[PDB]
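We begin with a single chain expressed as structure tokens, specifically the form deposited in one PDB entry.
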């Protein structure tokens, strides 16, 4: 039986947060494996994924040592910080980048099938779709470059 179902968690105080995953790797921490500080959180404990996992928070909201229950992740102990983790934000530790993508990022949803493909697509065809005139009004919401 899941821990989510094993207690009446709504008896505890609740905080709405925005949560992402992170790993010890350089994408997240700037550190490389081989650095003696690799895996070391702000609190001084090493990152861990277990029954109680290390998470990052803003210590002004959740002090270091705070225990949280995060549905679909598990029990967390606030052990780390981050420059983007301010306010009602959490970063949940996962061992690998793929684990973040798969265990936190995977979402079931409906998508709409606009046109079935033929089995091939060219650069020119992709460019022409991107230049669709009637849709240019929407486009700057999707490009990364200003």
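Residues that one form lacks are left out of the comparison. Positions refer to the first chain, counted from 1. Between two forms, the rigid core is defined as the largest C-alpha subset superposing within 1.5 Å.
In what follows, reference is made to the form deposited in another entry, a form of this protein that is not presented.
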{"item": "Position with Cα shift of 2 Å or more, rigid core superposed between the shown form and the other one, options 105, 44, 87, 65", "value": "105"}
{"item": "Did residue 123 shift 2 Å or more between the shown form and the other one, C-alpha, core superposed", "value": "yes"}
{"item": "Core-aligned C-alpha movement of residue 133 between the shown form and the other one reaching 2 Å", "value": "yes"}
{"item": "Sequence-ordered runs, three or more residues, C-alpha shift 2 Å or more between the shown form and the other one, rigid core", "value": "30-36, 97-143"}
